[PDB]
Every structure is written in structure tokens, then in C-alpha cells.
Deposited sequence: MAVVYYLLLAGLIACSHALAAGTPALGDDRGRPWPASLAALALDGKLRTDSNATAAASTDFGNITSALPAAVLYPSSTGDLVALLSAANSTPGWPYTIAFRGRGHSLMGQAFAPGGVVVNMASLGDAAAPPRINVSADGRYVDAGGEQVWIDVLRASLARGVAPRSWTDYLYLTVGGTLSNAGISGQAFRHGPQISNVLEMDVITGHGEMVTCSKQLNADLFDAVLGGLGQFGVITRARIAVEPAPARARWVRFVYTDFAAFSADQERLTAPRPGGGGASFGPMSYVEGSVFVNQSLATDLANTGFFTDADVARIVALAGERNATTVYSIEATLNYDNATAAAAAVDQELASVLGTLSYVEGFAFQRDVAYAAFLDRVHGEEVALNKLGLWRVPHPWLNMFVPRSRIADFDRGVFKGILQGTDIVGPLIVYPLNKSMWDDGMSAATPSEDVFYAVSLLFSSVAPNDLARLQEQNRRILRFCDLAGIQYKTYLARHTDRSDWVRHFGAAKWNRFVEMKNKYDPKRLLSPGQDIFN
């Protein structure tokens, strides 16, 4: 049926394309790839899976395959090419609500397109990822974090409702008011319970511009204290976005220039600063204020901070330009053949109480004396803005840090060992981190990830919504 209609492909090019991901480290050939033209085809697939005894195929939902470690693979299974849902010219896959208070987006849609559609209506999502060519369904299945998350929560905290087709092949609309168990499970649910075909995303009146600053520190305590200051509840301070990066001495200039923010002169200034202080590591807060009035507001905020005087750097850009800043990096890196490489990224949430220890062991320790290519991103998040009833797992402390070591790779083996070492350091130090964007490979690691209570709920939802354990096997939780 589907196949005859050409929707279910088994040819080598189709399975090949669905067998690799952004991580470019692991690969797994599916048996087939579904190219659905409508949600009806997804229902048909999942209904078949549900009602067929001896159904052979796990099923993954490939957004854009930005997964790092095969999370979007269905080894010997069926990969759904979600992008196909957005092929048709009509009907539209992104609808800003009549009142401009939300935007309905197909799960297959990429956030860059959600942004463009929203802006046409004078609005925009309030919580982002740093990189916009990811799908709605994909980020919502994880959490979706960027510099706004401290005040707006992750993207999963900014969803009104969703349409989900479960493992039972049943199309369900869910929200806090209806099928809340599914709603909660799916958000941060790692594709385990059903495919998100539509997510209803909160929006706010779109700011036109962003004042965009980088603040430089050689003192991690001051750096982290200032980040916590900027993201502390008042309701929140004025900053619209707060992240940070770490630059190890050995690749200081290179990594500084790689931000795409500092001029070569800025870089020289910072290297000199680091040199005059014999600093092994430099830190930079990255913050924006969406909007003469900006000048004084910015001055007032900056006046509460303790970055190195003379080391506040300022850009002023259109809001959309800031949001899509990373696309330019990709376009550039790709031209140098440095985008499509192995990405042994290490992402975790580190409890505030141990972030200084992490800094000591990793940034001042393990990572020292290496040539780092890729941002080392560090910034605090407020647990209060996360819904613990959702599948996403975060540390127990009110404040935890997103730590994203975006290593680009004989380097691969070294980098992989380095990550094991970082993890070993954290385990030995008793740092109660949570991984983000990582898949574990045994039960005990996953149970530890979620914690006993949340794991048990996770399993309860799996039994309810994907009893055959077909969905997103590449997460290696139930597969």
C-alpha cells in the first residue's frame, strides 16, 4: 500500500540517507524509510504496527537527523522521513493563531521556518535553540535549550498542546487539560511514546532588535556569579538571553575568533589580558537585550557585574539575525569542510553547587593543553522554569548549568577518550549531573538518568503508549 504509493522506500539511497546523523560517529541502516505526504500515512504505519502480530519494525522519526549518537536510527526498522510531511504546498504546516498568541507547527518543521512564519505575523517563539535548523518535534523530544530558557523554560515549557500518534497508531491531541499523561511523557520523551505531528508553541510580540554583548572574565567565580546574577528571579532581570563560553589557553585566539563575535583586534586584546594575568582559561558571558533607552538599561545591568573593565563588547542586530546567528557559522565552516565531521559533543546539566568543581577539573584540568575546535558553552538554568512532570531529566538543584562541549573532530578517538575522562571525573567527584542529548546503552544508566520515580513513570507511559517498544529505538532505552 504505502510502498506501492511510493511512500515506503527500501532502495539503497533512501536507507543510506537515513543511516547517518550529525554526530557522524555511529550509523545504522534501516530496512525502510517512510516518506509520508500526510499524517494519515503515519497513522497508517503506526496502526499497522499496532494491529499486526509479529510486526517486525522499530520506527524512528527523523527530524533533520541532528542526533549525535544514532537516536534517529531504526536499525533494520523503519525510519520516518518527517520532512516529507512538509513537502505539499498546501495546506500550510505552520499556522500562527488568529490572535497571534501561539503558532501551530508540524513536528517536522524546522524552527527557522517557525520563526519566519511567526515574524510575518509580528510574533515569535520565546524559547529557542542556538541553532535553528532543528525540527519542532525533535527539540521537543529532548527539551530545546538556549539563552532564553532561564526565564522562559526550555522549549518543552512553551508548548500549549500537541497532536501525537502513539505506538497504538492512535492520533491523540494532548495538553495539560487533555491526555496530560501523554503530553507530559512526550515532552522530553525522546520519541518513545508517539510521533509529534503538531505542536502548539507559545509566542510573544516579536522584538525588532537585540543589543548583543559579550563580557570577558579570567575569574570563573566572577563569571559564574555574574551569570547567576543575570538569570536570577526578581519575574526576571532585563536580559533576554544569557549564555557563556569557555576558552582554554592553548587555543585561545583561535576559539575567540571562532565565536564570530570578536574582531581580530578584540581577540588580540583578550589574549593580551589573559597573558598579563597568566590565565589558563578565559570566560565570556553572552547576553542580549531585545527591544538611548537601551543604552541606559544596558548600562544599569552591566553596572551590577564584575567582568574585566574595558572588556564588554557590543553588537546591535536585528532579532532574526541574532536568532539565526549559527547558520552563518555552518555555511562558513562547511565551505572549509569543517561542518560535516564527527561531533563527539558532550552535553550535560551540572548542578550549581558543583559547577566550580567542574570548572577546576575540566576547563582548568582535562581540557588544558589541547587544541579545541568547537564552542565550550556554559550557562545557568532555573529549575523553576522546568516542569518535572515532563520526561526531561534535570539536576535537583534550583539552579543548574547547561554545559555543552561541542567538540569537532586520529582526533576522534582522542576526543572520545577525553569525554569518558570528563565523565569519570564527574562520577568520581560525585557530581550529580544529567546528560542532555546523549543516549545511554544500559538500563541502569537510563534509570539513573531519570531517577527512580521518573523512570517508573517513564515505563508506565511506555507500556501505555508504546507497549511493543517500537519507537525511537536509537535511544537505547527500551531497545
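Visitor: Pop the missing stretches of the deposited sequence into a list, counting residues from 1 and keeping sequence order.
Guide: No C-alpha for residues 1-39, 274-279, 337-343, 462-464.
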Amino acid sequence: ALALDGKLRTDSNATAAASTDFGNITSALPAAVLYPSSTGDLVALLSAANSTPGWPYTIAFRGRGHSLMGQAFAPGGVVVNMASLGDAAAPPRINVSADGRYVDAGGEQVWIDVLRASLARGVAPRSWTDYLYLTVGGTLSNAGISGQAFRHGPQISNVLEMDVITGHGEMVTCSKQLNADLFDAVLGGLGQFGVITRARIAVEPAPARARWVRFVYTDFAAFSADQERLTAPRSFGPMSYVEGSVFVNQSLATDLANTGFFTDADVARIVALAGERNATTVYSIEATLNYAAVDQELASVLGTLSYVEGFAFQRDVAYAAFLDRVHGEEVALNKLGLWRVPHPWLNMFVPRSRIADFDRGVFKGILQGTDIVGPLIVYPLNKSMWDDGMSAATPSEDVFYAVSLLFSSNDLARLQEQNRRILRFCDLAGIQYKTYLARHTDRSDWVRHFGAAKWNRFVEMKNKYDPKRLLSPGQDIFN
From here on, numbers count along this sequence of modelled residues.
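Visitor: So 61-69 or 34-42, which one's hotter by mean CA B-factor in the entry?
Guide: If you average the C-alpha B-factors of 61-69 and of 34-42, the larger mean comes out for 34-42.
Visitor: Output the stretch having the higher mean C-alpha B factor in the entry; the candidates are 216-224 and 326-334.
Guide: According to the entry, 326-334 carries the higher average C-alpha B-factor.
Visitor: Can you tell me which of 384, 166, 127, 278 has the highest Cα temperature factor in the record?
Guide: Answer for 384, 166, 127, 278: 278, with the highest C-alpha B-factor.
Visitor: Given 110, 355, 378, 373, identify the residue with the highest C-alpha B factor in the PDB entry.
Guide: Of 110, 355, 378, 373, 373 has the highest C-alpha B-factor.
Visitor: In terms of the CA temperature factor given in the entry, to which third of its chain does residue 139 belong: lowest, middle or highest?
Guide: Lowest third, going by the recorded CA B-factors of the chain.
Visitor: Grab the CA temperature factor for residue 204 from the record and place it in the lowest, middle or highest third of its chain.
Guide: According to the entry, residue 204 has a C-alpha B-factor in the chain's lowest third.
Visitor: For residue 231, does the deposited CA B-factor place it in the lowest, middle or highest third of the chain?
Guide: It belongs to the middle third of the chain when residues are ordered by C-alpha B-factor.
Visitor: Sort the modelled residues of this chain by their C-alpha B factor and say whether residue 12 lands in the lowest, middle or highest third.
Guide: It falls in the top third of the chain.
Visitor: Looking at the temperature factor on the CA atom of residue 154, which third of the chain's modelled residues does it land in?
Guide: Within its chain, residue 154 is a lowest-third residue by C-alpha B-factor, going by the deposited values.
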